[PDB]
């Protein structure tokens, strides 16, 4: 009863991607296809082999022959990057394929935008202190984050996420530096430093100012 689709496919922008799905139940029955972007619910793009729901772009189409169904995407764009799942329906059982991760190549480099918040008065009042470094809109999705206190590295109190895909297909990350209020107040500035594609991007905040 299982459905087989390849784990991954890459496409240059403007090119056509085809994702095959094969299995016993596509002979007699029909395939549906879903698109799932990171952080979202699955969205149906093709049903009954070749039917496109209203609201779904015509560049998505579907076909089937034998025990193999194919999802075809024309003029691939960066926003089409997603996992794609085929699904069958036989007796009274929904079957899913393993998903196919579609990769769109050729996306341009983008340096990260950094926002850096000092601890709030309220947190200080609660005798804690957290510096918040928010990193967004970068590509490719690999950065490392380092912190500084007055030009010197800060080892302790650093908590950093791994990058994650934004809606616009660039990446986001964040890093948190925990401090005591007196630490915060005793230095002239603290810096969040993002290393991305061989460059270093820095924001600084000073207790005063």
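Numbering follows the first chain given and starts at 1.
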- request: Give the stretch, out of 107 to 115 and 129 to 137, with the larger mean C-alpha temperature factor in the deposited entry.
  value: 107 to 115
message: Tell me which stretch, 83 to 91 or 96 to 104, has the higher mean Cα B-factor listed in the entry.
response: 83 to 91
query: Out of 35, 167, 61, 64, which one has a C-alpha B factor higher than all the others in the entry?
result: 167
task: Can you pull the Cα B-factors for 163, 181, 57, 42 from the entry and say which is highest?
output: 181
- request: Ordered by C-alpha B-factor within the chain, which third holds residue 154? Give me lowest, middle or highest, please.
  value: highest
message: Please place residue 146 in the lowest, middle or highest third of its chain according to the CA B-factor in the PDB entry.
response: middle
message: Using the temperature factors of the C-alpha atoms in this entry, rank residue 175 within its chain: lowest, middle or highest third.
response: middle
Among modelled residues of the same chain, the CA temperature factor third for residue 186: highest
- request: Would you mind checking where the Cα B-factor of residue 77 ranks among the modelled residues of its chain, as the lowest, middle or highest third?
  value: highest
